[PDB]
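Descriptive structure summary
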Amino acid sequence: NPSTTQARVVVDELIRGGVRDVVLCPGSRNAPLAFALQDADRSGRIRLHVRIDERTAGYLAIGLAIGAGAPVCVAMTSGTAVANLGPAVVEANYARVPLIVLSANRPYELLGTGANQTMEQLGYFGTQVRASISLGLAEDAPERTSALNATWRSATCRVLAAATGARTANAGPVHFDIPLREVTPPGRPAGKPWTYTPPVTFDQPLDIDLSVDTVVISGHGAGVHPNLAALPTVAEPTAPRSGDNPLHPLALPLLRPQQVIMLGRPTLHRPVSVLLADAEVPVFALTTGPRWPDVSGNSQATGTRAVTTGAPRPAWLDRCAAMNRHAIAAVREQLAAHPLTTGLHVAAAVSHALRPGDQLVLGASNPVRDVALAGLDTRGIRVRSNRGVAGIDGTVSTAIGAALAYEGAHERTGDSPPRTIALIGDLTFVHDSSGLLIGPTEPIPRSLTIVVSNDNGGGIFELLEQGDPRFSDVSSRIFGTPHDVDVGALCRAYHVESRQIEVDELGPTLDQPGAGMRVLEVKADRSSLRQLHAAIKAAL
Amino acid sequence: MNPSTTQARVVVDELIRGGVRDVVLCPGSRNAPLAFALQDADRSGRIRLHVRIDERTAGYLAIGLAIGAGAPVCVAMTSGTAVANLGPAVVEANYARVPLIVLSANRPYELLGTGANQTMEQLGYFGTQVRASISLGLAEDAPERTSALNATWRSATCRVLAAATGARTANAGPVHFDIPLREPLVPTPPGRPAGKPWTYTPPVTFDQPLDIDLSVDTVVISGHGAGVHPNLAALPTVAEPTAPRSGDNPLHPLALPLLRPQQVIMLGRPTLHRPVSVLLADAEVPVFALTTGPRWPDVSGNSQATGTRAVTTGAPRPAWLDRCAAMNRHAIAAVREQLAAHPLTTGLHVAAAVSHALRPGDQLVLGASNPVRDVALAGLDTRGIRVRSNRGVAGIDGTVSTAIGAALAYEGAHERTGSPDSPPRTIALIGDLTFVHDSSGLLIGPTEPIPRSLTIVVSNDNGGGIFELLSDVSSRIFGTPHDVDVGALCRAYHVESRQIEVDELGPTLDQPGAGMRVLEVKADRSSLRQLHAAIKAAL
Amino acid sequence: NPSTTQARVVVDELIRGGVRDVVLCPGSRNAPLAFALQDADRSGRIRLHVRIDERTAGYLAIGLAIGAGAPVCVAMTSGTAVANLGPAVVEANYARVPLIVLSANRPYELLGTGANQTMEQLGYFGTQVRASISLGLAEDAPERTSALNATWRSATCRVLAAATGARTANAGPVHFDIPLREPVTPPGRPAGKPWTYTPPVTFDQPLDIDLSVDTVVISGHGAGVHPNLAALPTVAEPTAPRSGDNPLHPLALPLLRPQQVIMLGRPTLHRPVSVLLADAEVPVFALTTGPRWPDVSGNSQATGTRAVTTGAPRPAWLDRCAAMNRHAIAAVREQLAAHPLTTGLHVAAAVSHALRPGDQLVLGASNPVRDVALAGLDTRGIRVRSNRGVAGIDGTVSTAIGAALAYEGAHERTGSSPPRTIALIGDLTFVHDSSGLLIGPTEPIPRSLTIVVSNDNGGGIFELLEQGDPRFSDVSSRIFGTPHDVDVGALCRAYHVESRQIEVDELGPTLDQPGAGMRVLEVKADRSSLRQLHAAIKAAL
Amino acid sequence: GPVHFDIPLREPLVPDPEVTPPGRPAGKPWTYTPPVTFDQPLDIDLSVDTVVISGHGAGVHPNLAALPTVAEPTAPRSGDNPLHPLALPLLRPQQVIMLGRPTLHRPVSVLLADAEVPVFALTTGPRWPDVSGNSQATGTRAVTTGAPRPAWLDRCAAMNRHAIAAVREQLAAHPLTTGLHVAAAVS
Ligand SMILES: Cc1ncc(C[n+]2csc(CCOP(=O)(O)OP(=O)(O)O)c2C)c(N)n1
Ligand SMILES: Cc1ncc(C[n+]2csc(CCOP(=O)(O)OP(=O)(O)O)c2C)c(N)n1
Ligand SMILES: Cc1ncc(C[n+]2csc(CCOP(=O)(O)OP(=O)(O)O)c2C)c(N)n1
Ligand SMILES: [Mn+2]
Ligand SMILES: [Mn+2]
Ligand SMILES: [Mn+2]
């Protein structure tokens, strides 16, 4: 059989290319490269992860990818695989995550006369993936074994480079097909990839004068800019910080910046949106990759670097620092004044408990905002959130995958693995609750703690226009969506340790390692959420 | 003004700020707002407009206007099959990395599925072929929103321009810019101060250094899109005609099989030569791929590495250089002796004569099939001349229009330098089937710009010459000479044309003549196999 | 060889399905089913047409399909094949013509690492085709020849049914891929029957309509025939089949107030028609075949396939409509007589008057198809074609040639001199597809095709519209008139096509004479006066 | 089938403090399209020994009620002559009438996979299943000729009894409750 050789060559090149983890789902036909993948899994060269739910599996792959920054494969086998992987692939595209989807088409069967129970295709692969590469059918030619080895490894390297953005700096999902009919040719010496791609730079310098009153907004994907380290910075949680001059999100409406340097892709805070769209404020977008964020079209220039002249006026820095202290104290004070535990209270407790070396996975909705409003100093901590499309789906498996990948990185350097802490809301937890179902044969994280802040619904709609009390009569059912799930019972069903705790007990519980993967539920209230935010700004 | 008019004038203004000097317009009622705005911009001298009937050849006219001087070019056409006709040029623009903006009018998107006349699935029609598919919002009559609408329209236009020119990706290519338009179609918020683009995105520097040891016996193969590598100038280089040459040590393509290079540096995208293609399919020979953008060719399965430039240790063996230099002379001398010994005139004879007539400063446009390869076999020295050829997919469509657009843009850049000299020559070499196939590219309205110094040389062996160099029942049409009268075609489109024999070619190219003219040279293809077999036996 | 057997089975089942003509273009690689198609063309079982121009080749196939209603294959095999065939496929989709696009993937070759020699893909296949079917590679086991023969013929019948709308009544293009690896026939059903037999189908959606209400019928492209609507005043587009003998001239519509409208097929002509179909005071009843119904304004009251009528039209309404019909015919005829210069409307009137039953008329887009409607041609007994799906001016010469060849082939089967096919196109339309005149001596050539070119050196239709207002006079000339000065005669001579420039009163006698070949008649026409001619017609209504 | 109705929306997204544009009189649809009647008659001769396999989405056929029928649970049964799935591989029908979209049984798939038995596909809509390489024809209903042979009905009835008895006897003798036991209980 020529295909097993091909399959083992591909897997070998994938491993040479930094793939440590592969996610599989069972289905009616054999997974692509399965024997080669189980060969490699037994020998320890690669770590397989099996799940029954295809959708949580794709998000597990995303977590495995963003946990340490490596490409990961997902190889699946059903008439529902393409449909269930859809959400993860859209997130991989928009968040620029290197996710390799493996398929195994069959050139000897008919296509288009009915239902294919591999790869039932939808319409999103055209728009979402960086590349779509299929090897040829492996054929009978001992005579051609050297050339076919050269072709298979080159194409695999082409798949890896497209997914990681090695030459484009635009990482994203790739569709990789290894067709099937139904002593392995060596790669390069010393484990070198067949086609080596040396490091790449994309350089677009923009002139910027810092004497103009300047604020920095940094969002998802933002780079690190040392020449902007001292500027007042409104940094989203997932944005790596350059310096030590934070500007709280709620101080922005009280300031009038003359120009904005926006790093990466922002998605949080309406005052950020209004400032970005203000026609009188020049906006400089510094990002990596082909496109730039600009919902209003108001931006003046895009590039990758700033070349700076001048320095900010001290009165501008002084007043920015003053409003920053004004806003932080307003939140602390009204949190102390507010009686009922809310998700904002939980976020502050989680932030205080964090320490350098931690990984923090944040859910969408109020959790990722609340951490920003709690004012977490994110330096030394690696913050992950699925900001590409900001869905409330797949966050449990994302956190599981990130902790596994981050812990795997801790092993290969030869103490106990670093903590990974996830803060998610109750709806988000319910959405991806099947991520908790992990078989005994599958890898399980050692230091994953998932904090669920449960206000029995979506607290975020209490802060929006539909949260207005003129909508008190109608907002609860179509926006609040209360559900009454028993989180403790759910975690017990999947044999995952869980606990109810109060916000003041959170730090002490998080300190101690705990028996592996655990859930801590904190009860929260969203009826007082609108007033609580009303009180915080009312103190500004 | 009504919304479609304002929006069309905003897009045209931002396109001009973004460096668009030439626009190809195809007639239609739906694109009246853009047609009117484009015409007014042409009358003011801000752009040069070019009206064409046939959208497919118009697309290749846009390509020629783009490759002639390296600017982004926009082609505008109405909804319906006029957009489907841009398909072939878009595929060429994709594979040749040509900044072609396809600006299509459209009906509102909610009219799809309603049986509206002349409406189709336009957005996404080109799929993977384009760098971006961007659509403007149907303009609405909100007089308060006009300032914000102006920002969004100019911003989307800057996104279109950056994707087309590869301003952030370093990978220029076609872009589809779709504007849904509503009635009335028949009749301006300002941009940035000082004529700057609305969103200023400077051209990126894309850098990928790569270590290569030159004491290893090394040959360079440079194809379409190759960059200039001064640290590789001394090396023996098998350079395609469209490849710009770093140095002065050419290596004839037929000399390659007579050599044993220890390693190969591949520049850009090689397309042309069977000895090249064989050598690159040799797993045993290491190939390093250097390119100007993120893409790199899959022609060799043993591409060891990728880069944009080389970091060189060492120098080539003087004996290696001496030997490669000898084999190069040996190869080109075989060609020239077998051409002299050949009784009949062939397209290879015509390409040799054309190469001899060129002078530095000329632009040379080569058609697919035998012309572009015949020029390489004839040993053309390309330094100082700009050589264009549609190497993306190497089809026969649009070659005449590509030669015309390239001449026009090459001449416009020359007026720009301020020289009072005659504009520089553009000389094209295309086969007879290619010329007949795109003969309607000769059509230019009386109002429309006409090249001032374009000579199209048609090498006419009355059929498909390269098929001697070897099937389907599809090949039966080639088994019979077509007998299409090239002269009659040229008068149909009121273009000066003359037959000449091959010795008149040099002297005839030296006299300027009409701004655009066609020189037909009769050739023989019945002896082509004999000639080529005599060349190989002489090596 | 497994591939070889597969190819002859597929070609044999296509023939059984009614495929008479296949269009091929030479390319980088060997066409789909090339050897099987080559054998069948020798036996006279199938007829091949080869062109170098891939765009004109798709429109040639459209013509061969609409000439007699037969499904047509295009086997095209290059890196620009999909791009050039796009216009033809879009037209086949919107006009519902059975166009089977044949391809041949190589599963043993890589995809997506660069340019594809076989099939460089665009984004339109996924939205324009009724189906995408791909055979398996022919596996090499002789125990299963009977099993593989059944699978291949079943799949080929599935391709044909999708293309002809045999079960859906929604004909259109389908993509048929027969994969291949470089480098006696299992028999089909007895008596030449298709492997999977699709007996006749009916989609029945009756709509209740009261004809006592003042009713007008607008029938367009794809319209059916309705005997219970034969008496109604009917504004019929030239491609629409007539159900009755009570026509209503398009220019007479704005002079009347129908209380309700029955719309047949897909209307694409006349602004008074679109205004009336959009009038919220007028209930519109759409009777079409197929899944969708035309309704740009969304004003339509109901859609179905058939009408169940009560009552009859008031005789006052009939005489009112008949009287406006007469005034409209009178206005066109007199103002044409009173106009000194020859326009395309003059040419369209002359072509109409020369037509006789049994003719095939092929109408180009723009003014020609409208002008024939303005001349009040009686389309009964006439087969009228026009590419109204997208109404492009591209590909019309090959569409006329293909339709002439298909219509002549059906006549050759009767055993009976071939019937006339007469084409009327504008000069821009001719210039667009002039390369379609290039037919090799190896290739089928019509015997009775006369292409009439009405040449006003530009697009005359833009004189009539928004851009034709004299206030726009300076700019509009260049961007809408698009004059070109092409010498049609020199162009035809270059392609060895008999051609002559004649005055319009010579048109009738010349068309009656047998030209015994494919030929091109050119009539010089003026468009500078087109706007005032039409204004004079309207004033005489 | 499913359709995708996408609605672009922008702020303000919530109602303003309170006039809805009306539809047609009398609650009628804006554009009224009655449900189509899709009809494709197909001649079948029932004296040839026939089995009926009914899949998901199968129609109801009175003129086929006498024929031995293997009907999936979702198939709306119309006949009075059931044939158990396990009796199919012990029968050799001369022709097969296939209703709707069969999906459930391997022997059904095996029988339909055989290229030697003619299959007639009777469906409710334009689609028809490709599970059989030897589908002679398609229809919506059958125009029957003849009647099933008495000897053929006896065999099918006889093998049907065996299959029912085998399942019933072997469930009764099995020591452990299985999912098949749960299914019979629910049934
Ligand atoms: C898949 C998906 N569905 C719906 C939404 C819209 N949405 C955004 S936030 C939110 C509420 C999330 O509630 P929860 O996770 O409990 O967080 P909380 O706001 O209560 O802290 C919803 C439904 C989404 N972002 N993704
Ligand atoms: C491999 C390949 N073969 C054929 C074609 C189509 N094609 C390309 S060149 C050609 C004939 C070229 O003839 P001509 O233009 O006279 O130039 P010559 O080769 O005779 O010099 C054809 C049919 C193609 N696109 N690709
Ligand atoms: C491919 C394509 N491009 C552009 C158009 C827009 N268009 C419609 S009519 C027309 C003018 C046609 O001129 P001609 O064929 O000479 O007919 P005339 O108006 O002179 O009667 C144009 C350009 C179209 N319908 N199809
Ligand atoms: Mn909640
Ligand atoms: Mn030639
Ligand atoms: Mn005209």
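The rules behind the values
- Residues numbered from 1 in each chain as written, not as in the entry; some residues may be left out.
- Chains lettered and ligands numbered in written order.
- Part of a larger assembly, values for the part shown.
- Heavy atoms only, no water.
- Residues with missing side-chain atoms left out of burial classes, pairs and counts.
- UniProt positions renumbered as here; feature names shortened; annotations may be inferred.
- Helix = DSSP H or I, 4+ residues; strand = E, 2+ residues; numbered from the N terminus.
- Buried < 20%, exposed > 50% of the residue type's maximum accessible area, 1.4 Å probe, protein only.
- Areas by Shrake-Rupley, 256 points an atom, 1.4 Å probe, with all protein chains shown as cover.
- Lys, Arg positive; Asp, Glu negative; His and termini not counted.
- Charge placed at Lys NZ, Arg CZ, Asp CG, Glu CD.
- Contact = heavy atoms within 4.5 Å.
- Buried area = accessible area lost by both parts, 1.4 Å probe.
- Polar contact = N/O pair within 3.5 Å; in protein donor to acceptor, adjacent residues only side chain to side chain.
- Donors = N, O, S within 2.8 Å, 3.2 Å for Na, K, Ca; no water.
- Expected span 1.5 Å × (residues − 1).
- Near = heavy atom within 4 Å.
- Arc of directions from axis to C-beta.
- Axes fitted to C-alpha atoms, helices over the stretch in contact; angles between N-to-C directions.
- Parallel < 35°, antiparallel > 145°, perpendicular 65-115°, else oblique.
- Left-handed = near helix turned anticlockwise from the far one by under 90°.
- Nonpolar A, V, L, I, M, F, W, Y, C, P; charged D, E, K, R; others polar.
- Domains from an automatic or database assignment.
- Pairing = 2+ DSSP bridges.
- Salt bridge = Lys/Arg side-chain N within 4 Å of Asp/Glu carboxyl O.

- Its PDB record attributes the structure to X-ray crystallography, giving the resolution as 2.2500 Å.

- Going by the PDB entry, chain D carries the name 2-succinyl-5-enolpyruvyl-6-hydroxy-3-cyclohexene-1-carboxylate synthase and comes from Mycobacterium tuberculosis.
- The record deposited in the PDB is entitled "Crystal Structure of M. tuberculosis MenD bound to ThDP and Mn2+".

- In the nomenclature of the PDB entry, chain C is known as 2-succinyl-5-enolpyruvyl-6-hydroxy-3-cyclohexene-1-carboxylate synthase of Mycobacterium tuberculosis.
- Per UniProt, chain C carries the Function text "Catalyzes the thiamine diphosphate-dependent decarboxylation of 2-oxoglutarate and the subsequent addition of the resulting succinic semialdehyde-thiamine pyrophosphate anion to isochorismate to yield 2-succinyl-5-enolpyruvyl-6-hydroxy-3-cyclohexene-1-carboxylate (SEPHCHC)."
- Annotation of chain C in UniProt includes, under Catalytic activity, the sentence "isochorismate + 2-oxoglutarate + H(+) = 5-enolpyruvoyl-6-hydroxy-2-succinyl-cyclohex-3-ene-1-carboxylate + CO2".

**Quick word on the overall build of chain C**
- Helix and strand counts for chain C come out as 16 helices and 20 strands.
- The C-alpha extent of chain C, read off along each of the three principal axes, is 80 × 60 × 50 Å.
- Within chain C, buried positions represent 63% of all 541 residues.
- Of the accessible surface of chain C, which amounts to about 19,100 Å², a share of 52% is contributed by carbon and sulfur atoms.
- Each charge class in chain C can be summarised by its mean position, and for the 47 positive and 49 negative side chains these summaries are 5 Å apart.

**Regarding the interface of chain D and chain C**
- Each partner contributes to the interface: chain D provides 31 residues, whereas chain C provides 31 residues.
- Between chain D and chain C, a total of about 2,300 Å² is buried, with carbon and sulfur atoms accounting for 49% of that surface.
- Taken together, the links from chain D to chain C amount to 25 residue pairs in polar contact.
- Listed by contribution, the elements that provide at least two residues to the side of chain D that touches chain C are β1 (37-39), β2 (41-45) and β7 (135-139) of chain D.

**Details of the coordination of the manganese ion (ligand 4)**
Residue and element names in this part refer to chain A.
- Taken together, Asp-426 (OD), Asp-455 (OD) and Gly-457 (O) make up the protein donors of the manganese ion (ligand 4), found 1.8 to 2.2 Å from the metal.
- Going along the chain, you hit the donors of the manganese ion (ligand 4) in the pattern D-x28-D-x1-G. Here the residue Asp-426 occupies a position in helix α12 (residues 426-431), and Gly-457 occupies one in the loop between β18 (448-454) and α13 (475-480), the gap between them amounting to 31 residues. Exposure class is identical for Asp-426 and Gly-457. Each is buried.

**Section: helix α11 (residues 396-414) of chain C**
Residue and element names in this part refer to chain C.
- The end-to-end C-alpha distance of α11 is 27 Å, a good match for the 27 Å that 19 residues give at a rise of 1.5 Å each.
- Counting buried positions over the 19 residues of α11 gives 15, a clear majority of the element.
- Following α11 by one or two positions, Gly-415 adopts a phi angle in the positive range, close to 95 degrees.

**Quick notes on the coordination of the manganese ion (ligand 6)**
Residues and elements named next belong to chain C.
- Within the protein, the manganese ion (ligand 6) binds to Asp-427 (OD), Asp-456 (OD) and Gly-458 (O); these donor distances fall in the range 2.0 to 2.3 Å.
- All donors of the manganese ion (ligand 6) belong to a single chain; written as a sequence motif, their spacing is D-x28-D-x1-G. Of the two residues, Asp-427 sits in helix α12 (residues 427-432) while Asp-456 sits in the loop between β18 (449-455) and α13 (473-481), which places them 29 residues apart along the sequence. Pair check on accessibility: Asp-427 and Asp-456 agree, each one buried.

**A closer look at the site of ligand 3**
- Lining the immediate environment of ligand 3, one finds 24 residues, of which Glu-55 of chain B together with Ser-366, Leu-428, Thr-429 and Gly-458 of chain C sit closest.
- The local environment of ligand 3 is shared, drawing residues from chains B and C.
- One nitrogen or oxygen atom from the side chain of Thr-429 of chain C is found 2.5 Å from an oxygen atom belonging to ligand 3.
- With respect to ligand 3, the side chain of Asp-456 of chain C contributes an N or O atom lying 3.1 Å from an oxygen atom.

**With respect to helix α7 (residues 271-278) of chain C**
Residue and element names in this part refer to chain C.
- Burial in α7 covers these residues: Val-273, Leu-276 and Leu-277. One side of α7 holds all its buried residues, which, seen down the axis, span an arc of 100 degrees.
- Residues of α7 that are buried in the fold lie against β9 (215-219), β11 (260-264) and β12 (284-287).

**What about the packing of helix α8 (residues 314-337) of chain A against helix α16 (residues 529-538) of chain A?**
All names here are of chain A.
- For the pair α8 and α16, the least separation of the axes is 9 Å and the interaxial angle reads 135 degrees. What the angle tells us is that α8 and α16 run oblique. For the pair α8 and α16, the sense of crossing is right-handed. Touching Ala-330, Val-331, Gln-334 and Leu-335 of α8 are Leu-532, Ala-535 and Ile-536, all from α16.
- Along the lines of polarity and charge, the residues of the contact of α8 with α16 split into 6 nonpolar, 1 polar and no charged.

**Section: the domain arrangement of chain C**
Residue and element names in this part refer to chain C.
- What the domain assignment reports for chain C is domain 1 (1-197), domain 2 (198-339) and domain 3 (340-541).
- Measuring from the centre of the C-alpha atoms in domain 1 to the corresponding centre in domain 2 gives 38 Å.
- Between domain 1 and domain 2, the residue contacts involve 10 residues of the former and 10 residues of the latter.
- Interface of domain 1 and domain 2: buried area, both sides summed, is about 890 Å²; carbon and sulfur atoms make up 55% of it.
- Where domain 1 meets domain 2, there are 1 residue pair in polar contact.

**Regarding the site of ligand 2**
- As a structural note, the neighbourhood of ligand 2 is formed by 16 residues, with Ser-369, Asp-432, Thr-434, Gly-463 and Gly-465 of chain B the closest of them.
- Among the chains of the assembly, those with residues near ligand 2 are chains B and C.
- Contacts to ligand 2 include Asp-432 of chain B, whose side-chain N or O atom sits 3.0 Å from an oxygen atom.
- The backbone of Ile-466 of chain B places a nitrogen or oxygen atom 3.4 Å from an oxygen atom of ligand 2.
- Notes on ligand 2: free accessible area 600 Å², of which the protein chains cover 82%.
- Taken together, the residues of the shell around ligand 2 sort by class into 5 nonpolar, 9 polar and 2 charged.

**Here we look at the sheet that holds strand β13 (residues 302-304) of chain C**
Residues and elements named next belong to chain C.
- What the 5 strands build is an open sheet, ordered β10-β9-β11-β12-β13; its pairing is parallel. Looking at the sheet topology across the chains shown, the edges are occupied by β10 (234-236) and β13. Taking each pair of neighbouring strands and ignoring which way they run, the sheet shows an average axis angle of 15 degrees.
- Where β9 lies against β10, 3 bridges are found, and the strand directions are parallel. What sits directly across from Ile-218, in β10, is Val-235.

**Here we look at the interface of chain C and chain B**
- With 82 residues of chain C at the contact, the number on the chain B side is 79 residues.
- A combined buried area of about 6,300 Å² lies between chain C and chain B, and 60% of that area is made up of carbon and sulfur atoms.
- By the criterion of area lost to chain B, the three top residues of chain C are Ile-52, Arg-478 and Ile-479 of chain C, representing 11% of everything that side buries.
- Linking chain C to chain B there are 6 salt bridges.
- A salt bridge links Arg-478 of chain C to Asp-42 of chain B; its shortest N-O distance comes to 2.9 Å.
- Within the residue set of the side of chain C that touches chain B, elements represented by two or more residues are α2 (34-42), β2 (47-50), α3 (54-66), α4 (81-95), α5 (125-128), α12, α13 and α14 (488-494) of chain C.
- For the side of chain C that touches chain B, the element with the highest residue contribution is α4 of chain C, accounting for 6 residues.
- Looking at the side of chain C that touches chain B residue by residue, the class counts come to 39 nonpolar, 24 polar and 19 charged.

**Quick word on the sheet that holds strand β9 (residues 218-222) of chain B**
All names here are of chain B.
- Taken in spatial order, the 5 strands make up an open sheet running β10-β9-β11-β12-β13, and their pairing is parallel. The open sheet has two edge strands, β10 (237-239) and β13 (303-307), and neither has a second partner. On average, each strand axis in the sheet is inclined to that of its neighbour by 20 degrees, with strand direction left out of account.
- Taken together, the 3 bridges between β9 and β10 define a ladder with parallel strand orientation. Directly across from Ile-221, in β10, lies its bridge partner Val-238.

**Overview of the pattern of salt bridges**
- As enumerated under the stated definition, the model contains 64 salt bridges over all chains in all.
- Between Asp-381 of chain B and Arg-245 of chain B there is a salt bridge; the shortest N-O distance is 3.9 Å. Of this pair, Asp-381 of chain B sits in the loop between α10 (370-377) and β16 (386-389) while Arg-245 of chain B sits in the loop between β10 and β11 (263-267), placing them 136 residues apart in sequence.
- Each of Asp-12, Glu-13, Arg-16, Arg-45 and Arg-153 of chain A takes part in one network of salt bridges that share partners.

**With respect to unusual backbone geometry**
- Residue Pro-183 of chain C is reached from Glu-182 of chain C by a cis peptide bond, and omega for that bond is 0 degrees.
- With respect to the secondary-structure elements, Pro-183 of chain C resides in the loop between β6 (174-177) and β7 (202-204).
- That bond from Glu-11 of chain D to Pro-12 of chain D is cis: its omega, 0 degrees, falls within 30 degrees of zero.
- Inspection of the secondary structure puts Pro-12 of chain D in the segment before β1.
- With phi around 70 degrees, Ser-369 of chain B is a residue other than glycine that occupies positive phi space.
- Topologically, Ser-369 of chain B is positioned in the loop between β15 (363-366) and α10.
- The partly exposed category is assigned to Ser-369 of chain B, whose relative accessible area is 25%.
- The backbone of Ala-391 of chain C shows a phi angle near 65 degrees, a positive value even though the residue is not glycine.

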